[PDB]
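Presented below is the structure to which this report refers.
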Amino acid sequence: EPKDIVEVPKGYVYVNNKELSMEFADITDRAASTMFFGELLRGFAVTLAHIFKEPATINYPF
Amino acid sequence: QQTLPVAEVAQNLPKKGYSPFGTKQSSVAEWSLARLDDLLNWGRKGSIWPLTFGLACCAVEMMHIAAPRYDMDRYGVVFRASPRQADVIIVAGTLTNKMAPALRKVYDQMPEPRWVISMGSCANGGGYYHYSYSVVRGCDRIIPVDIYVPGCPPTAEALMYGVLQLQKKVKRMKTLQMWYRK
Amino acid sequence: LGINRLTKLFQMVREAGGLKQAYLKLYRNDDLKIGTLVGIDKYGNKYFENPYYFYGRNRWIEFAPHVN
Amino acid sequence: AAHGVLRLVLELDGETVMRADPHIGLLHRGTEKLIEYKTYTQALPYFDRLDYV
Amino acid sequence: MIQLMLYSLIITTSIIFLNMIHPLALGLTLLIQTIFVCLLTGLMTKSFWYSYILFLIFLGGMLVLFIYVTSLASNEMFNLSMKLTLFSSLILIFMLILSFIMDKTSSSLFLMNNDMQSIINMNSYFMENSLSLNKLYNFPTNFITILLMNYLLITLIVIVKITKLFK
Amino acid sequence: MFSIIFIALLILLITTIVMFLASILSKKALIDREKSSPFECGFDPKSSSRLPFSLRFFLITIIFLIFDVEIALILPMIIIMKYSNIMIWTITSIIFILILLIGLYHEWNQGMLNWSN
Amino acid sequence: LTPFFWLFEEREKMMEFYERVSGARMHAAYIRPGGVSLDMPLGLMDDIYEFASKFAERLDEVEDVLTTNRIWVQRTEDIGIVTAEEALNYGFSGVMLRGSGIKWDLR
Amino acid sequence: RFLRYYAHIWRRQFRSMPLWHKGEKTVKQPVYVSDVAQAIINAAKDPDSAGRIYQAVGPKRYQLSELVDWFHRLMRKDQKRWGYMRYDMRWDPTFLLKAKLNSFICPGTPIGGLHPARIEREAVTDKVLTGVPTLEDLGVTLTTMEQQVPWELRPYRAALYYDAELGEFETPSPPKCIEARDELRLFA
Amino acid sequence: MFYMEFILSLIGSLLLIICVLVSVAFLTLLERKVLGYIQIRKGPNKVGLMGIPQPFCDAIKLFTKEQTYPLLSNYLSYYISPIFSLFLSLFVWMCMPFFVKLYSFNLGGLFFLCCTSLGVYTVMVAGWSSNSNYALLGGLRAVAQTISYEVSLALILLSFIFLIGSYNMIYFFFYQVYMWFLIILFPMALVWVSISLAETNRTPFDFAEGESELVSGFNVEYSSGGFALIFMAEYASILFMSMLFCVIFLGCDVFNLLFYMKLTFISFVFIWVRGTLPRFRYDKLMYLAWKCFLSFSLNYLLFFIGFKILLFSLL
Amino acid sequence: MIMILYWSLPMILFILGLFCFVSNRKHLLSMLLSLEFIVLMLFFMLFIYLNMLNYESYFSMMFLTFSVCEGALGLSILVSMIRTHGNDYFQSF
Ligand code: SF4
């Protein structure tokens, strides 16, 4: 995990303190994600998958 | 008040036919015009497109019907945003004075045959705000209502039951068959 | 492919009464399922339950035939 | 996306929105006055209507 | 016949062009004219290559400016007159029957389409645009294309100099 | 071609006939003053509503034309490549694209699309 | 569309719970001055447990789908920056305030 | 029937409304619909009106040429190009065929009410008589055309050419009534 | 003989026209069903037997519905655009490739560019005829989207054109005779999906008709019969691009059922996007059009031009 | 006569274009559109000549590239002109 950017006490959770690394493996990862839309592929496959869940429509009025 | 027939009475009775007109037509013109009405009603019945006016509180049920539990496009119902392409208007929520001219304008910009469902008590008779200085007591005073869905809000089942009731009204409408008499 | 699923289709389709008695049921109810006769209504209706499905589908009704 | 209620009177140049006047009050149902006329127990559902989500 | 009918349609639309004064009506008129002229030049050409080209540049892209900036609309829509249409139909028809009458050949161009070249011509059996567009790229007549592209570059430098009057 | 021409004429005629037919199939209604107003979400349309023509969309379409013409210049490269002399075809085409990139990248540093307005 | 529909599936389960306690889908009257109007039906505790059990899966499905997505990220990110001081003097609160950086919350 | 008829397209020839005797040998006195309705109710509330005819007419008689010209002025049909002309219906034998065909073809109401019976109606003059009571006897104020018609026909205004000027064209100068002796001049 | 030639050419054109129209009208159901299952809905299964006649039902509604024509005199001009759009979306088919000669249509790629271009005039004049600022904004946004993407669309084509060595589409089959062509030009496929999706105005590039930003864009002021024609025109368009994707990347095997299997899968893929992606902004899309795609296409142009020079060197 | 049967149609159209270019129009847009029609006719004369010529045909692009630039410049100055005065109407001239 990357370090934070603002030190947090308890009773809270900062949802953006995580740093965007500049390590070469980290930049090339993000670059490859943009060049081949990995994140879109993850979401794409999700919806394909979720065809294979049975719809929850009640056959009203029967 | 009437009541359903009993088991043996059903046994005697035949199929209730499909076209609500029946199949007793006398002459060729009558029988032909009966079928064309049936086809027209079938088209207007199967595909009906609400406008999604949905002002308030009632609107949430108007969305739950679109939700996947009591699926409504299952019945052939779709929410077209543009009133020129919307065939039905589910007025839902309160009609304040600022809104009254707006509802009127939206209604008649929609082309006919246009049917209105007054969902919820707020639209039916002004609902819980009936004695208010700013609310149209009911929506019957702005537009011709066709179907009333009581509830506050109506449970989603109630709403789409009313939709089916509108489908039945769309099914039995007599336009060609009775133009012949006109 | 048909992993003991076409078999189930054969059960519902055949014991319905043939091609005609599977199509008319399907044509009317827009779905064909298998259950047990929970109880026969006083007015010709017939109630069917099957825990195989879920709560939406758990219980259902075949209305009286004379209602076309 | 306008909640069915909101009415923004917008003045645009090109496609950007310069002046954006929102006209809240297309729903106002005189609920403060009605709450006054009724009883505390009777007045309770009014609040559930408000912020109906 | 197609060729002289196409003259007739261009003549009729031209008469339409000189009458119409609403900018959309004029711009509409240009649109039809362009299809017609593309058709006509195609017929007398070796092929329709240039016709497809000038279609997508002249009409496809560049008349978009004219219609768009001429979206002034006059503030109101057309008052279409069925009379100029009927005259347009009327003038078209007896021009069309005359086209049926006119001399079949002599009323046609003399240019040499790929078909109207002689069979012996060994050059004609190549790809239809190969030998025509050869020297647009082969020296020493290709630098002019370089002048074209830089001209277009400079054209953009000009547009941002005229279209950037304080806003 | 004229085989194409006739088919298009036939389709267009069939198309207009269909829409002509639907124009008679659809029932008529007595006209209404308000049924024929512009749609403005149900609140009266303002003055003429003719949009301002002080904007950039012509500017973008002008960029279109420049690149649209440039596209025309490079279309024939497909066929002539088998015939033309290779040096000239090679260098000549390469500098086309190279000048395009440099125009583009120089223009990003200009950043002309990020207008102040 | 897909996020809205997937979540509005689960919204139905929660409303059913309101229906179980109060007798109305929405617009219960269940909370009253002397405490809640009425006791809870037996077993509603358990049904709540399974619903909470599955909700992590449902929320994560949409979360993984939509949080990272570039279109969504660029479509929302850096929209309408709300500085801290400007937030207070305009009388903000809630996750708006809590998002701008203020560590305030009524709970 | 009245204004839609004089507005609808089939009624028009190319740009030349055909009128019987150029519409210059006809006297019309139309009345506004609501004032007719308001009369109906007022005479329904009163039973002492029972057994009494009532000639319902407007305030000021008019000549059909005056009306149509005013109509086209209201509709902006006369600025430069739309080019209104008035024929004689007798001169042109095409208008009748339009009516006959339009009747024979339409299953419902013929388009624009073009059936011949409407044509005879416009031709017929409006003969009032004294003694027969009137709207004033019914206590009904009569909004004039000058108050009602402009707004009435506002939807059908058109022809705002790009070639010409608009807006600054004056308000349509009203028509002018026809008096009793002036009628006697008309009929000679 | 010769007139045998012409008669068949007209039969094929006519036969294709009825099929493509009935297909897209019938395809609309597949959108409604498929999207219904992406979302956890059940989709239309009510009318007929499992909602099969749903799209015929829709057409009957529309044609019965009156034609709420806009302001008095616009009758024609408002009645023109739907014709002039459905015409393009159909007639664009005639250039599609066959081994069984429908035409000897050369310059097919050029003709593709031309028809895909002409969509701008239809949408723009349609909005102009409507005369409603809502409709007018839609047209302008619609115009900008289409016009911007054509620039990238052209250069993208040229990469394939060079790789096949002619403008005749049919050569895509000969060059794919061994191994498909997607596996060579994978990034181009993603870009080409986006370009095709932009042309047909589907989402994520849904600005032209759209919803929730413009009521229906240009479509907002359209009554029934006009609306049905526009709606059919769009779906004829979405199919054709699906075909073009199939003939370029995925085999061009016109005389093999697997080609038609591929047609459905790609048209499905379009929907698969419809129910997944959110929409873009105006400006972000223009960055994506000029600052991203144009650069992309030029590099491959400069990449493949050298490759074919090397290829020509070898032989 | 060769010109009367072949180069005549281009003449008649070209002259009609010029007359419309010197007619009366509320703004200059009708003028620009008028000369634009002339360009198409100008192309027409040019192509029939370039068609006399076996390969000199390609000169179409040179003329087309130049011609569209004139139109772009034409729209350029007009649109800047509305923006200057709030109008480019001939009454301003
Ligand atoms: S009727 Fe009930 S649910 Fe509907 S808006 Fe009124 S309070 Fe809300």
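With ideal geometry, Cβ positions are generated from the backbone for all residues, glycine too; neighbour counts draw on all protein chains shown. All of the numbers you see were taken from the coordinates with simple rules; none came from a lab.
Data for the structure
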{"read-out": "Partner chain coverage, peptide E:29-40 - average Cβ within 10 angstrom", "value": "3"}
{"read-out": "Local net charge near residue E:42, Cβ-Cβ under 15 Å (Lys/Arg +1, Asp/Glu -1)", "value": "-1"}
{"read-out": "Compactness of chain D as Cα Rg over 2.2 N^0.38 Å, two decimals", "value": "1.69"}
{"read-out": "Karplus (6.51, -1.76, 1.60) ³J(HN,Hα), θ = phi - 60°, over the stretch I:285-293, in Hz, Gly and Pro reported as x", "value": "5, 5, 3, 4, 7, 8, 6, 10, 6"}
{"read-out": "HN-Hα J in Hz across the stretch I:238-250 - Karplus 6.51, -1.76, 1.60, θ = phi - 60°, x for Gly and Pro", "value": "5, 5, 4, 4, 4, 4, 5, 4, 5, 6, 7, 7, 10"}
{"read-out": "HN-Hα J in Hz across the stretch F:49-64 - Karplus 6.51, -1.76, 1.60, θ = phi - 60°, x for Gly and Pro", "value": "6, 3, 5, x, 9, 8, 6, 9, 4, 5, 5, 5, 5, 5, 4, 4"}
{"read-out": "Cross-link partners of residue G:13 among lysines (Cα-Cα below 24 Å; sequence separation of 8 or more within a chain)", "value": "A:53, G:54, I:42"}
{"read-out": "Label point distance in nm, residue G:52-residue B:11, each placed 7 Å from Cα along Cα→Cβ", "value": "5.6"}
{"read-out": "Pairwise FRET efficiency - residue F:105 versus residue G:77, Cβ, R0 = 22 Å, nearest 0.05", "value": "0.30"}
{"read-out": "Candidates per chymotrypsin sites (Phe, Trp or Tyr not before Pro) in the stretch H:100-188, loop by DSSP, up to 13 other Cβ within 10 Å", "value": "H:169"}
{"read-out": "Fraction of antiparallel bridges per DSSP, the protein assembly as shown only, in percent to nearest 5", "value": "55"}
{"read-out": "Within 10 Å of each Cβ in J:38-51, the average number of Cβ atoms from other chains", "value": "4"}
{"read-out": "Cα principal axis extents for chain B, largest first, Å", "value": "57, 40, 33"}
{"read-out": "Helix-only [θ]222 nm of the protein assembly as shown, DSSP H runs n ≥ 4, -39500 (n - 2.57) each, per residue, nearest 500", "value": "-17000 deg cm²/dmol"}
{"read-out": "Max mean-square fluctuation residue, GNM over chain I, Cα-Cα springs under 10 Å, options I:56, I:160, I:207", "value": "I:56"}
{"read-out": "All Cα pairs of chain C, percent lying beyond 17 Å", "value": "51"}
{"read-out": "Nonlocal amide H pairs with residue E:47, under 5 Å, H built at 1.01 Å", "value": "none"}
{"read-out": "The stretch I:1-152: C-alpha gyration tensor shape, a/c 1.5 cut-off, then a/b vs b/c", "value": "oblate"}
{"read-out": "Förster radius 25 Å - calculated FRET efficiency between residue C:10 and residue C:54, Cβ distance, rounded to 0.05", "value": "0.55"}
{"read-out": "Estimated FRET transfer efficiency when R0 is 22 angstrom, pair residue F:32-residue H:37 (beta carbons, to 0.05)", "value": "0.70"}
{"read-out": "Cα-based Rg of chain E normalised by 2.2 N^0.38 Å, two decimals", "value": "1.38"}
{"read-out": "Cα principal axis extents for the protein assembly as shown, largest first, Å", "value": "107, 97, 76"}
{"read-out": "Residues with amide H under 5 Å from that of residue B:115, placed H, sequence gap 5 or more", "value": "B:89"}
{"read-out": "Quarter of Cα convex hull surface for the stretch F:1-110, i.e. mean projection, nm²", "value": "15.2"}
{"read-out": "Quarter of Cα convex hull surface for the stretch B:61-149, i.e. mean projection, nm²", "value": "5.9"}
{"read-out": "Along principal axes, Cα extents of the stretch F:1-43, largest first, whole Å", "value": "52, 24, 12"}
{"read-out": "Choice from B:63, B:160, B:119 showing the highest fluctuation, given a GNM over chain B with Cα pairs closer than 10 Å", "value": "B:63"}
{"read-out": "Residues whose placed amide H lies under 5 Å from that of residue G:37, excluding near-sequence neighbours", "value": "G:31, G:32"}
{"read-out": "Relative counts (whole %) of C-alpha pair distances in chain I, using bins that are 10 Å wide", "value": "5, 24, 33, 25, 10, 2, 0"}
{"read-out": "Rounded, prolate or oblate (a/c below 1.5 giving rounded, otherwise prolate when a/b exceeds b/c) for the stretch H:17-129 by Cα gyration tensor", "value": "prolate"}
{"read-out": "Residues of type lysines that residue E:135 reaches as a straight line, Cα spacing below 24 Å, ignoring anything fewer than 8 places off in the same chain", "value": "E:46, F:82, I:308"}
{"read-out": "Chain D: trypsin sites (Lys or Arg not before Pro) in DSSP loop, at most 15 other beta carbons within 10 Å", "value": "D:38"}
{"read-out": "Rounded, prolate or oblate (a/c below 1.5 giving rounded, otherwise prolate when a/b exceeds b/c) for the stretch B:9-67 by Cα gyration tensor", "value": "oblate"}
{"read-out": "Residue mean of other protein chain beta carbons inside 10 Å, D:24-33", "value": "6"}
{"read-out": "Unit Cα scatterers, Debye sum, the stretch I:1-59: log10 I(q)/I(0) for q = 0.12, 0.26, 0.28, 0.30 Å⁻¹", "value": "-0.44, -0.99, -1.06, -1.12"}
{"read-out": "Percent of alpha-carbon pairs separated by more than 15 Å within the stretch I:227-315", "value": "75"}
{"read-out": "Cut-off of 10 Å, at most 14 other beta carbons, DSSP loop: longest stretch of chain H lacking such GluC sites (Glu not before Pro)", "value": "H:25-135"}
{"read-out": "Separation of the residue C:37 and residue E:158 label points, Cα + 7 Å toward Cβ, nm", "value": "9.2"}
{"read-out": "Within-9-Å neighbourhood charge of residue A:18 [Cβ basis; K, R +1; D, E -1]", "value": "-2"}
{"read-out": "Dmax and Rg, reported as Rg then Dmax, of the stretch A:1-58 (C-alpha, Å)", "value": "18.1, 53"}
{"read-out": "Sites excluded, chymotrypsin sites (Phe, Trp or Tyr not before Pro) in DSSP loops with at most 14 other C-beta within 10 Å, longest stretch of chain E", "value": "E:1-109"}
{"read-out": "The stretch J:2-92 - Rg over Rh from alpha carbon coordinates, Kirkwood radius", "value": "1.09"}
{"read-out": "Cβ crowding within 10 Å averaged over residues, with I:114-127, C:46-59, B:135-148 ranked highest first", "value": "I:114-127, B:135-148, C:46-59"}
{"read-out": "Cα-projected label distance for residue H:106 with residue E:116, points at 7 Å along beta-carbon direction, nm", "value": "5.4"}
{"read-out": "Partner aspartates and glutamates for residue I:65 [C-alpha distance under 17 Å; skip if fewer than 8 residues away on the same chain]", "value": "B:37, B:38, B:87, B:108, B:112, F:32, I:221"}
